[PDB]
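Following: one structure in structure tokens, then a few remarks.
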Amino acid sequence: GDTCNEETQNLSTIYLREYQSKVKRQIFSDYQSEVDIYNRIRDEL
Amino acid sequence: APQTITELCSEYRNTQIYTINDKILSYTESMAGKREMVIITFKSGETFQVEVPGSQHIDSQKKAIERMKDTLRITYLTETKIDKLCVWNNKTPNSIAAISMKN
Amino acid sequence: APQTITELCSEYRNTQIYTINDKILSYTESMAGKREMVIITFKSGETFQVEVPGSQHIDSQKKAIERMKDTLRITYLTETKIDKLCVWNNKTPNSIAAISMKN
Amino acid sequence: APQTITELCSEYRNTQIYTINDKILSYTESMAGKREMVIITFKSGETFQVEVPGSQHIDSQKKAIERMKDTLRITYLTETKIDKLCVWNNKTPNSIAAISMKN
Amino acid sequence: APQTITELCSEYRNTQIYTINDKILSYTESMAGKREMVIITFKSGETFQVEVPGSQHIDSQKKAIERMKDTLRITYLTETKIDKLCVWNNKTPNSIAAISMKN
Amino acid sequence: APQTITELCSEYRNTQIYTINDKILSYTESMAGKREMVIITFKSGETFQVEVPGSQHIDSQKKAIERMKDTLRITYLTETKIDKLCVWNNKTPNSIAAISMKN
Amino acid sequence: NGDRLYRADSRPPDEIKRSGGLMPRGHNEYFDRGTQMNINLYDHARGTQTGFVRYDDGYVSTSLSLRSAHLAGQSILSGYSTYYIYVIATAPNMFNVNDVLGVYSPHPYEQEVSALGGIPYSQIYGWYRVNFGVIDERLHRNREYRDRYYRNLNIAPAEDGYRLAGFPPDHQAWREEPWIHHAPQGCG
Ligand SMILES: OC[C@H]1O[C@@H](O)[C@H](O)[C@@H](O)[C@H]1O
Ligand SMILES: OC[C@H]1O[C@@H](O)[C@H](O)[C@@H](O)[C@H]1O
Ligand SMILES: OC[C@H]1O[C@@H](O)[C@H](O)[C@@H](O)[C@H]1O
Ligand SMILES: OC[C@H]1O[C@@H](O)[C@H](O)[C@@H](O)[C@H]1O
Ligand SMILES: OC[C@H]1O[C@@H](O)[C@H](O)[C@@H](O)[C@H]1O
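Protein chains in written order, with the authors' numbering: chain C, 196 to 240; chain E, 1 to 103; chain F, 1 to 103; chain D, 1 to 103; chain G, 1 to 103; chain H, 1 to 103; chain A, 1 to 188.
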């Protein structure tokens, strides 16, 4: 029955994409540069 | 002060909580005149915007609008799940007032 | 100058040290008028806020409130454990005065 | 407000949507006087710029030019695929008005 | 104009070069009024501070003080090794004037 | 506008391109008064600086000088490969005018 | 169990760096979504490739000791002059095969722990070079390992693994405990 196997497939992929988000929160955060919001806005709005 | 997003959202008129509990599907960012904004969408179909700064915003919000756009960019890029959104529902697309993330 | 968060925290009325030794469980950010604030919670049920800039804040603290929100957002995303918080306890939720982390 | 980058791009003259669907190949950043700009290119050879702020920019666009430069840097570094670009095509290289990306 | 941190540290009175060659053990950040500072420590026991902006700082240094506190938060979080620190030894804890990282 | 770093570099007097094709070997940052600057070094022995803001800088360059130092800090910390530098060669260390990264 | 896992592999450090880690068969970049891969634990535990320690059907197999991984490598990568044994940290992308598949575990005595989707390079603590079957025991540490993050993490619990076990729709395992209480739709 396809439904068993494509369900298995679909749940394993979900499980994988979610673990890939924990890794991206680790390696992509080294590139995050913080903004001085007060001087950005200090010209208008 | 409020302790949860649901508590903060009901002290405002025209707001509502959307429980999303999913990552952003798409992120759009515009620097075009009068449309300097961010638009995000979810798999489920909802589209939400961070509004262009304007007359209705007090000075303390003009700074928090820029912080929100930074949070949404890195949330999108790392695929972190958004738990709930509090939006003003009198805007099209609806307008983000507050976001929470968990885990 | 102080050499530890406990030294610095003990220089203020209405402060208290909490040892968390855990990662942030949820992060909430608001841009709603007069509640432009960040609220964090931990698994043990404690909730803390970075409060809205107000007349109780001197000018040197205005850019420090913004750095504290940038720190909480990045340590929430990296799941970095917070060691201690120094908080003013005359506010609900308790308001963060200082944070320390170590590994 | 517009809900997609195509709808937003349509509100302006001399614009065009590019379907890229690729990561940035190179990122050039300049601090030389009157060329304070960013240029990005794709393997296809398409080249785009974030313009120098000028007379054609209204005030509200200046903080959005800064944000767009920040978004292109982190998109290059993380090798995130860009979906579409809305550009002004009366400029060489063409300049970005808006960017969208999809997970 | 200087080529290295030791040539730079040479131009100031009351400085010293510390060779650390280790990553930060702890980071404390304070937003308490008149105590808006960052304190870092090392496994070897040394404690350093980035001082609160006072009268001794000229105006060019105001941006530099904020950048240094930014460098120290992200050096801690990436667990990056610090090579040398040029410090003012007339302040307790000693005050960071410059940092060197290598590799 | 210029489409490449070689083309932009050429519009200025006293500039030169250095094909680096490598990561930065060391990063030095100073907030010492009148020495608010960054110095980077590569394996090959070359040393370059981002200059202290001064009279040579027209006011559009000031935000760009801060961006270039944010880019170099990220590039150093993550070991990102730099492709070419455009530098003014009438300064010791030579001053970075523009940077390009590839892949 | 001790927080390190081990895998003998002929793929060298800088290739692993380009792939983003130790990838299963036919997947070339860790974060690539377009190269849609079959991921099935059951089929993975039962398969054999030539010249590769089990890495098909979406998982990459590892061992509990440097010795087992070395034994694996000597049986499987023998012709190679140089292969490597990667030292990998535990984290919840890893599942204990004998625990998830239970009595239906194909090769119980090997005690494999398998990584769903491959092993990201930041999860690799370091590696040993093996030359002519002899382990050079001087560990080279991986500069990009995330020490603080991986420090305290563990294998995923078997519980989390049951609905991903991958038994065929007719397999009696879907009809008995503990899998029955976790069967995906259409299994049973
Ligand atoms: O603070 C921003 C909000 O301001 C209200 O006045 C308006 O009704 C909302 O749609 C939203 O724009
Ligand atoms: O400056 C920040 C602090 O100011 C105090 O006066 C107040 O009692 C605290 O709760 C906190 O707001
Ligand atoms: O607002 C920025 C844009 O302004 C337009 O008027 C101009 O024609 C475009 O090329 C672009 O510079
Ligand atoms: O620029 C900051 C430095 O200023 C000096 O004059 C002072 O003696 C140092 O302790 C340090 O504060
Ligand atoms: O714009 C910055 C540049 O300005 C020029 O006037 C100078 O000759 C260069 O060395 C550099 O300082």
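Here a beta-carbon is modelled for each residue, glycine too, at the ideal position from N, C-alpha and C.
Take the Cβ of residue i as the centre, count every other Cβ of all protein chains shown within 10 Å, and call the residue buried at 16 or more, exposed below.
| i | result |
| --- | --- |
| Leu72 (chain H) | buried |
| residue 104 (chain G) | Here chain G covers residues 1 to 103 and nothing more, so residue 104 (chain G) does not appear. |
| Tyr233 (chain C) | exposed |
| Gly166 (chain A) | buried |
| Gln227 (chain C) | buried |
| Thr41 (chain F) | buried |
| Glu239 (chain C) | exposed |
| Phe132 (chain A) | exposed |
| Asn93 (chain A) | buried |
| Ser105 (chain A) | buried |
| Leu85 (chain H) | buried |
| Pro178 (chain A) | exposed |
| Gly54 (chain D) | exposed |
| residue 165 (chain D) | Residue coverage of chain D in this structure runs from 1 to 103, which leaves residue 165 (chain D) outside it and unanswerable. |
Give the DSSP-derived three-state secondary structure of residue i in the structure shown.
| i | result |
| --- | --- |
| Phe42 (chain D) | coil |
| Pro2 (chain H) | coil |
| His27 (chain A) | coil |
| residue 104 (chain H) | Outside the modelled stretch of chain H, which goes from 1 to 103, sits residue 104 (chain H), for which no answer is possible. |
| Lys102 (chain E) | strand |
| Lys84 (chain H) | strand |
| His140 (chain A) | strand |
| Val103 (chain A) | helix |
| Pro120 (chain A) | strand |
| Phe223 (chain C) | helix |
| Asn93 (chain A) | coil |
| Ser60 (chain D) | helix |
| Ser68 (chain A) | helix |
| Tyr76 (chain F) | helix |
| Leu25 (chain E) | coil |
| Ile39 (chain A) | coil |
| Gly21 (chain A) | strand |
| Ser10 (chain H) | coil |
| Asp70 (chain G) | helix |
Could you work out which residues of chain E lie near residue i, taking near to mean beta carbons separated by less than 9 Å?
| i | result |
| --- | --- |
| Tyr210 (chain C) | The premise fails here: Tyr210 (chain C) is roughly 14 Å from chain E at the closest Cβ pair, so nothing lies under 9 Å. |
Run through chain E and tell me which residues come within less than 8 Å of residue i, C-beta to C-beta.
| i | result |
| --- | --- |
| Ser216 (chain C) | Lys23, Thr78, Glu79, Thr80, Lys81 |
Give me the chain F residues within the contact set of residue i, using Cβ-Cβ distance strictly less than 8 Å, ordered along the chain.
| i | result |
| --- | --- |
| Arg141 (chain A) | Residues of chain F passing the Cβ test: none, with the nearest at roughly 17 Å. |
| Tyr233 (chain C) | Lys62, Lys63, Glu66 |
Residues of chain C with CB closer than 8 Å to the CB of residue i, please, in chain order.
| i | result |
| --- | --- |
| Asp70 (chain F) | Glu229 |
| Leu116 (chain A) | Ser207, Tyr210, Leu211, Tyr214 |
Which chain F residues sit within Cβ distance under 7 Å of residue i?
| i | result |
| --- | --- |
| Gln221 (chain C) | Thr78 |
Below 9 Å between beta carbons: does that hold for residue i and residue j?
| i | j | result |
| --- | --- | --- |
| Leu64 (chain A) | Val97 (chain A) | no |
| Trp174 (chain A) | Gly188 (chain A) | yes |
| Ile20 (chain H) | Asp70 (chain H) | no |
| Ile88 (chain A) | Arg7 (chain A) | yes |
| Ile85 (chain A) | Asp14 (chain A) | no |
| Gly73 (chain A) | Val53 (chain A) | yes |
| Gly186 (chain A) | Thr198 (chain C) | yes |
Which residues in chain E sit within 7 Å of residue i, going by Cβ to Cβ distance?
| i | result |
| --- | --- |
| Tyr18 (chain F) | Within chain E, no residue comes near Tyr18 (chain F); the closest Cβ sits about 16 Å away, beyond 7 Å. |
Can you pull the chain D residues whose beta carbon is under 8 Å from the beta carbon of residue i, in chain order?
| i | result |
| --- | --- |
| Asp197 (chain C) | The premise fails here: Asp197 (chain C) is roughly 27 Å from chain D at the closest Cβ pair, so nothing lies under 8 Å. |
| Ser26 (chain E) | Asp83, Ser100, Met101, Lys102, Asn103 |
| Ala97 (chain E) | Chain D residues near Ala97 (chain E): none, gap ~15 Å exceeds 8 Å. |
Could you work out which residues of chain C lie near residue i, taking near to mean beta carbons separated by less than 7 Å?
| i | result |
| --- | --- |
| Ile74 (chain H) | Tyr226, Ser228 |
| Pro53 (chain E) | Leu240 |
Kindly list, in the order they appear in chain D, the residues whose Cβ is closer than 7 Å to that of residue i.
| i | result |
| --- | --- |
| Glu202 (chain C) | Under the 7 Å cutoff, chain D gives no residues; its nearest Cβ is about 23 Å from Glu202 (chain C). |
Confirm the yes/no value for this check: CB of residue i, any heavy atom of ligand 7, distance under 8 Å.
| i | result |
| --- | --- |
| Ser10 (chain G) | The model depicted lacks ligand 7 and carries ligand 1, ligand 2, ligand 3, ligand 4 and ligand 5 instead. |
Using a cut-off of 9 Å between C-beta atoms, extract the partners of residue i located in chain F.
| i | result |
| --- | --- |
| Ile39 (chain E) | Neighbours of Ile39 (chain E) on chain F: none; closest Cβ ~16 Å, over 9 Å. |
What in chain G is Cβ-close to residue i, meaning under 8 Å?
| i | result |
| --- | --- |
| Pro2 (chain H) | Near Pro2 (chain H) there are no residues of chain G at all, since even the closest Cβ is about 28 Å away, more than 8 Å. |
Under 9 Å Cβ-Cβ, which residues of chain C neighbour residue i?
| i | result |
| --- | --- |
| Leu164 (chain A) | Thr203, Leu206, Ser207, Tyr210 |
Checklist entry - Does the count of Cβ pairs from the stretch 40-51 of chain A and the stretch 69-85 of chain H closer than 8 Å reach three? => result Verdict: no, contact absent.
Checklist entry - Is the stretch 59-67 of chain G in contact with the stretch 13-20 of chain D, if contact means three or more CB pairs nearer than 8 Å? => result With a cut-off of 8 Å, the stretch 13-20 of chain D and the stretch 59-67 of chain G do not count as touching, because too few Cβ pairs lie within range.
Checklist entry - Can at least three beta-carbon pairs, one atom from the stretch 85-103 of chain E and one from the stretch 46-53 of chain E, be found at a separation below 8 Å? => result Here the stretch 85-103 of chain E lies against the stretch 46-53 of chain E, with 3 or more beta-carbon pairs under 8 Å apart.
Item to check | Cβ contact check for the stretch 114-126 of chain A and the stretch 214-224 of chain C: 3 or more pairs under 8 Å | outcome: Segments in contact, yes.
Checklist entry - Are the stretch 199-208 of chain C and the stretch 76-93 of chain A in contact at 8 Å, needing three or more beta carbon pairs? => result Counting C-beta pairs with one atom in each stretch, the stretch 199-208 of chain C and the stretch 76-93 of chain A have fewer than three that are closer than 8 Å, which means they do not touch.
Checklist entry - Does the pairing of the stretch 25-35 of chain E with the stretch 2-9 of chain D give three or more beta-carbon distances under 8 Å? => result In short, these stretches touch, since the Cβ pair count reaches three.
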